[PDB]
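Okay, so here's the structure we're looking at.
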Amino acid sequence: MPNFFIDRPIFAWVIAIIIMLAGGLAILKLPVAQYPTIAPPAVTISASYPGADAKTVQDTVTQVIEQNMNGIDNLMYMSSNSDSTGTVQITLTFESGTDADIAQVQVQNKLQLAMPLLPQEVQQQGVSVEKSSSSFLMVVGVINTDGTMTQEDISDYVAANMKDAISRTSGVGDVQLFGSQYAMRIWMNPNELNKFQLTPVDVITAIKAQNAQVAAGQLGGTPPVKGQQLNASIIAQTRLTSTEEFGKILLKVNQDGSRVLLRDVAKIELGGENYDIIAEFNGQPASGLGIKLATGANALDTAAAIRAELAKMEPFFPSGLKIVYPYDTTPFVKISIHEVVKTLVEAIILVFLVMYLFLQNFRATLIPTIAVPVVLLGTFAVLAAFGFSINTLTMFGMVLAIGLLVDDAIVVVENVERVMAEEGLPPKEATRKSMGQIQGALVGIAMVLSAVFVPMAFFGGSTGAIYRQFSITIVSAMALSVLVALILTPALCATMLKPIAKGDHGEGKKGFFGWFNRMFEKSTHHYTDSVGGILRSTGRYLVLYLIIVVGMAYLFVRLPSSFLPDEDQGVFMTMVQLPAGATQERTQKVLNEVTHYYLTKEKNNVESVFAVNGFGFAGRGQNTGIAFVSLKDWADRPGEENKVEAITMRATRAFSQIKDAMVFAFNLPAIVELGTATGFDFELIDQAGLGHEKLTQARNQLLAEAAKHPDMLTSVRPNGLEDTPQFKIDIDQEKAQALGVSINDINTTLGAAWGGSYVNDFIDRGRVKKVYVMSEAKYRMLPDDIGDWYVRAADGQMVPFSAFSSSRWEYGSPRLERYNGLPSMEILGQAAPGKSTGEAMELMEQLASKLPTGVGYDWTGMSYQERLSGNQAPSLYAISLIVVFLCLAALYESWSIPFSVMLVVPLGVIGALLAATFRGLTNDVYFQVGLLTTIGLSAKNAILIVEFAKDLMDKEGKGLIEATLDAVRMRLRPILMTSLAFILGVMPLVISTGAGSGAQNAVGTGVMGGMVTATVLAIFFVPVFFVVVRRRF
Amino acid sequence: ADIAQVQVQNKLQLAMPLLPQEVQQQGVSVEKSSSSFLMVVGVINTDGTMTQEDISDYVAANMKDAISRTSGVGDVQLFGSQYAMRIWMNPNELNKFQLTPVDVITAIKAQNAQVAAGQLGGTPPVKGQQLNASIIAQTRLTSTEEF
Amino acid sequence: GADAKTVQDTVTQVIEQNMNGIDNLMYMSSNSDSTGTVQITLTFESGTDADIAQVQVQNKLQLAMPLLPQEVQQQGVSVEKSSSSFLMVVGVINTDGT
Amino acid sequence: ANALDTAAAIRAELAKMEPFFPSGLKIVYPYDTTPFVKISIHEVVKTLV
Amino acid sequence: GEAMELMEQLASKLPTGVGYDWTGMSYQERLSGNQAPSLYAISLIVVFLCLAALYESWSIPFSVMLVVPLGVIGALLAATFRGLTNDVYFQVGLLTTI
Ligand SMILES: CC(C)(C)c1csc(NC(=O)c2ccn3c(=O)c(/C=C/c4nnn[nH]4)c(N4CCC[C@@H](OC(=O)NCC[N+](C)(C)CC(=O)[O-])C4)nc3c2)n1
């Protein structure tokens, strides 16, 4: 074929024109996001029961929705929270590769039939099902500079004139809104109320009467009466539209022809919907959008486009309405890309340099420089051919292949200079025989390296998807190379490659270039019979091997593992947990201090603090917060003391001066759904009606018994909340009867006062918006305030709760957890410094097996993935090995000679893990594919060597011991050139710190040192193998 | 089938608010499965310590849910009934104390309820409120005895 | 029986604003009369598989729904694949005024 | 759905339950149309060997 | 097309923030136009490339490609004075002339 292409020159040019022209049409139109999609898809169901405690939520709403997720295809598990803030969320995780669009439809449907059972008030708020994809593209914030506009003021504006504009800018997937638009707020006064003999039920009603909108009819309605001139629409009642109009609402007429308005019995401002979360930004009233990325959009693209839309709203803003960007994935992705496209440019230049310094001439060294950029542009086609995308993970493929992409190219062009100076044949005709020696040694490179990568895109689970990301990229770039080398490069050798006379070498020249082939030729010889020395007594050397086969095997298992290195991503955040019962205000105080420690102790790094009070990340409570700290550019933050594992220390340390409030700052992983490299996820399950208390015991048993094996298990903690006190206002039924007081009247009076109640809607500035009635905050703060609230009895008399009820404190649980529909408790922890995540698991199960009967356990999340799919490599690669042998045998028509290629595996391995160990790193994915391209080069160098030796033996019938010296001899130069290139091309990563360093570091530092020993060591070894392996049968 | 079921149900929802309220409270259901039993799982006591009644209840409250929820299970029929608070009226007594079943019902509604009672320290609060706790009112009864 | 402005504001919008992040959405157009009646139409790029298209819409619909007036939810709101012109028109007459 | 696969899963879910029943309560298998489909296929893989 | 292009003119001379768009029937025609250029462009590029592979030249193609403009003009004429239009069918015609 390269023969057919050595002749046909333009055919091999056309093909090339296409390929780049294809992967160019594809480069310059293909999705860019930071990562792809690793986590199995999962739909979440959410609901508010305004005012409900955790049990109420749980027994009137959660259990019902749960009893109903049936005949929904591909569920893995189903967990759910029921919180004392009236909140309930239920998440269902599906099989990997389930259609998220179907799963969410099915759920959404099965809900739609359970709604007839949920409480009216829940139905009113509405339940709601969405897909989970908590990877925000960016987060705009919106401050007022004047200090005029409240949280609620600002959020309204955003929800009014911005949210939709952004909602629609091409590329966006989802828009959340930090606040709500306004809501009409009737704020009740039990006293005003108790004057005019009124319940809030009364307020509730009048509002419904006098804010409804009413069907009318229409003048000259069809069927008309014969002979008709007019047809028009009658307009009856519609909806109040102002706090004014609202206050005007009539409520009662007392004996004396008197008139009681609504404003007469309450305040009527125009607040927000939910007063639970307080977020401000660098201390000032805030709000704004978390924008996510539509599936298959362009991060960089939509990212700009969204700035674009903001821009053109900024004129029309009110008095001092600044816009701020505490998060934008984009800076990182750009920088991540500008740093990879560079590693690509860099490598090309270094190949130009290592050829011109070994073959010497702007021709031979212009060959791979216009051939690799063909393969790469061509991967971006077969990449886009499987709908992939340019993301951190595919970009680190192909620049992890670059080594295999050159060894492919170099070794053709070099194998031409070799015969075109040893038999001194011409240009065109010299390139045959050159590529009759390498033909199926490249077409075995193909089938062998397939076997080393492909079986990677087979690992089950989440991490499974990462491996695919590489596994395709590599094989896609790789097989496309072994093609370019069969087609364009042979054709490029024999066209820009001026002949060299049998022996031209350059052993005498007017410069350095002379000295090179001079002192290279010395060193060629200096080494070739050094191999020769080895060959007589070889058993001394198999001992160095057997103590390298163990060398890795001693390490490797000593090496710690993980998934993905963190990076200084630009933001980081601080936790804040004030204890049981602490309030919104107490919590805010603490956030302020945290905002201070950053805006002082740290200016120079912190660019802003987004602090959210009410939403902590282990709950929604008055007693929890979170602060989102965005930093100044990587540029202005030089050295380990301006990056993040640093600033974190000075805060996490710094935050033990806060006596009340558990407050730890920390850093987000690369992929947000990763979960600790060594963390397990354990569910304790109530399996026979046991009840909260009994489970809580069980839990503690296990949790106490757990924390007395620090040998193996650290930080075994409960993920949920501790029980707490709650004020129970039990009604005497009998009593209420007697006095003529209707339970429902009682109930909603209290509920309305203390919980609030969405009444109906009204229209504000052409916008439908909620209307809530709820007691002004002064009459609803402490148990003694109950006093103020009068219900009305059968006979018109005003009656207080002491008449017919009693109070009493008790324990609670403000959060109730359930796994697979049974009640549960989430236990987290890790295997103790030294052990494996699997051993911890193993132990935990054994500790659990000893609990009271009716208590069960089950693993989830990370630890569920792992329990199923994380054991495969042994099993898997067994089948790769079997195909590496079978590929090799075929190539070498030998049931045995393959053996001398395969035994080169550990040689790379060792230098690779060596460099990770004496450098403080982890056996992770970036290191792990490294290990594969390193097995990859070292097997395909050993392919060509054990090829040549096998040939001059069947071709010429040369010496078993002499063909080898000849094989080694001629194949020595390529090896060196390629590996000089590689080892220099990896240099720039291996030191890199700053914007995305850990990424860079992990791929480099493992491959570089493994290239050193794979090479500066297989020189001696591969011929040692061939000899020993041949003389076995 | 996925889609068929999806479409089927888009139409059904249209009619939903026309069914009688009591029809909806039982839940209309839209399955898609083979007409025929794939298999039947039996469950017996062997101590004679549980009744027919009992086992039908174990099974419903403790096994049904997951089988129903299990990918591939299109439908699950169960050979019995899960328990229920059973108020077996007597028309004589009712007439003695001069009450109809309406009363019993209106009673049970009022007196077997779970309500939402807001919070002490209700956001939005008053300056410097320091305590915050749930209010708890009536909650669904849970024994024959309480009924 | 609601005036268009009334309807426009409380139905149409609420739906519309939720009609985002629908793959291959090419464009949408909606209109709302005085008889009280709304017709949102979403058109897609050719290629788009209409049954998945339908699904995505019902999915976003959902999120709007609870937000719309009660009597709207009463009336049903339908989500279906469409087309602007009749294949045909069977008609029907009597020939003897019975 | 695949009958054989769905039968597998029903069994193994049922395994997760059993450790926690009241005493006495045994699961029994009064009727199943999988172990034939399974057994059947085998006697053919046999006549094929 | 003309009728459309007149309109676009009259459009751009209106109050500000009162923009316009083309939908349905129209929107598909506009899109037909915009892609014609690229349609003939890459179409040629392929033929050029298909011939170079073929007659091993670089010039045999580069000479054939010069014959294209002559077949077109006659095509153009045959409609230009037949009262016809550069509708969709023509653009197929043109790729067939090539
Ligand atoms: C994680 C990552 C990517 C590194 C990052 C970088 S920056 C950032 N996020 C922020 O900087 C930020 C800044 C302010 N926030 C907020 O102010 C709120 C809450 C705002 C609010 N809503 N009503 N009043 N104030 C919030 N959520 C707080 C929890 C609710 C989530 O979704 C909503 O915005 N929905 C509003 C409805 N409520 C609040 C009622 C929650 C519900 O789910 O029922 C997100 N998240 C945020 C998040 N995240």
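Identifiers for the structure tokens are assigned positionally: chains receive A, B, ... in sequence, residues are indexed from 1 per chain, and ligands are indexed from 1 in the order shown.
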
**OP:** Would you return as a ChimeraX atom specification the members of chain C that DSSP assigns to alpha helix (DSSP H) on this structure's backbone?
**Re:** /C:4-10,12-17,50-64,70-75

Original post:
residue 45 (chain A): which residues within 6 Å, counting only C-alpha atoms, same-chain residues fewer than 2 positions away excluded, as an MDAnalysis selection string?
Top reply: chainID A and resid 89:90 128:129

Could the residues in this selection be saved with N, CA, C and O atoms as a PDB file, in the first residue's frame?
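Ended up saving to result29.pdb:
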```
ATOM      1  N   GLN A  89     -36.895  16.663  49.234  1.00  0.00           N
ATOM      2  CA  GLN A  89     -36.297  16.368  47.982  1.00  0.00           C
ATOM      3  C   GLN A  89     -35.938  14.903  48.000  1.00  0.00           C
ATOM      4  O   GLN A  89     -35.559  14.359  49.043  1.00  0.00           O
ATOM      5  N   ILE A  90     -36.088  14.301  46.816  1.00  0.00           N
ATOM      6  CA  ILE A  90     -36.097  12.878  46.552  1.00  0.00           C
ATOM      7  C   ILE A  90     -35.297  12.753  45.287  1.00  0.00           C
ATOM      8  O   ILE A  90     -35.629  13.347  44.275  1.00  0.00           O
ATOM      9  N   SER A 128     -42.088  19.346  41.655  1.00  0.00           N
ATOM     10  CA  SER A 128     -41.235  19.742  40.526  1.00  0.00           C
ATOM     11  C   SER A 128     -40.058  18.828  40.309  1.00  0.00           C
ATOM     12  O   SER A 128     -39.285  18.579  41.242  1.00  0.00           O
ATOM     13  N   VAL A 129     -39.916  18.322  39.086  1.00  0.00           N
ATOM     14  CA  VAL A 129     -38.832  17.392  38.822  1.00  0.00           C
ATOM     15  C   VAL A 129     -37.917  17.845  37.703  1.00  0.00           C
ATOM     16  O   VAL A 129     -38.354  18.318  36.645  1.00  0.00           O
TER      17      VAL A 129
END
```

Subject >> region 16-31 of chain B surroundings by only C-alpha atoms, 12 Å radius, close-in-sequence under 3 positions cut, as a PyMOL selection string >> reply: (chain A and resi 64+67-73+106+109-119) or (chain B and resi 1-2+4-13+34-35+68+72-77) or (chain C and resi 70-77)

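The list of residues with at least one atom within 9 Å of residue 125 (chain A), based on only C-alpha atoms and without residues fewer than 5 positions apart in the same chain, reads residues 47, 48, 49, 50, 120 and 758 of chain A; 66 and 67 of chain C.
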
Could those selected residues go to a file with C-alpha atoms, as a tab-separated table (two decimals), in the first residue's frame?
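Generated file (selection_20.tsv):
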```
chain	number	residue	atom	x	y	z
A	47	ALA	CA	-41.42	20.38	47.21
A	48	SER	CA	-42.33	22.92	49.82
A	49	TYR	CA	-44.97	22.51	52.44
A	50	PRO	CA	-44.86	26.08	53.83
A	120	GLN	CA	-53.61	20.97	49.01
A	758	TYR	CA	-49.81	31.56	50.14
C	66	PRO	CA	-48.26	24.52	39.34
C	67	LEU	CA	-47.55	28.22	38.75
```

Original post:
So which residues touch region 697-705 of chain A within 12 Å, counting only C-alpha atoms, skipping near sequence neighbours fewer than 6 positions away, as JSON, numbers by chain?
Top reply: {"A": [682, 683, 684, 685, 686, 687, 690, 691, 713, 714, 715, 716, 717, 718, 719, 720, 722, 824, 825, 826, 827, 828, 829, 843, 844, 845, 846, 847, 848, 849, 850, 851, 852, 853, 854, 855, 856, 857]}

**OP:** Just list the residues in chain C DSSP gives strand (DSSP E or B) on the backbone, as a PyMOL selection string.
**Re:** chain C and resi 25-32+38-44

Same residues, C-alpha atoms, saved as a tab-separated table (two decimals), in the first residue's frame:
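The resulting file, again-v5.tsv, is reproduced below:
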```tsv
chain	number	residue	atom	x	y	z
C	25	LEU	CA	-35.34	24.54	19.40
C	26	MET	CA	-35.36	26.58	16.25
C	27	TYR	CA	-37.99	29.09	17.32
C	28	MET	CA	-41.27	29.48	19.15
C	29	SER	CA	-44.33	31.68	18.76
C	30	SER	CA	-47.33	32.08	20.95
C	31	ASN	CA	-50.64	33.87	20.91
C	32	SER	CA	-53.44	34.35	23.40
C	38	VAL	CA	-53.29	29.98	24.52
C	39	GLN	CA	-51.30	28.31	21.83
C	40	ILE	CA	-47.61	28.00	22.31
C	41	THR	CA	-45.86	26.52	19.31
C	42	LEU	CA	-42.29	25.31	19.29
C	43	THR	CA	-40.57	24.46	16.01
C	44	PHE	CA	-37.37	22.53	15.77
```

**OP:** Write out as a count of residues only which residues come within 8 Å of residue 45 (chain B) when counting only C-alpha atoms, dropping same-chain ones fewer than 3 positions away.
**Re:** 8
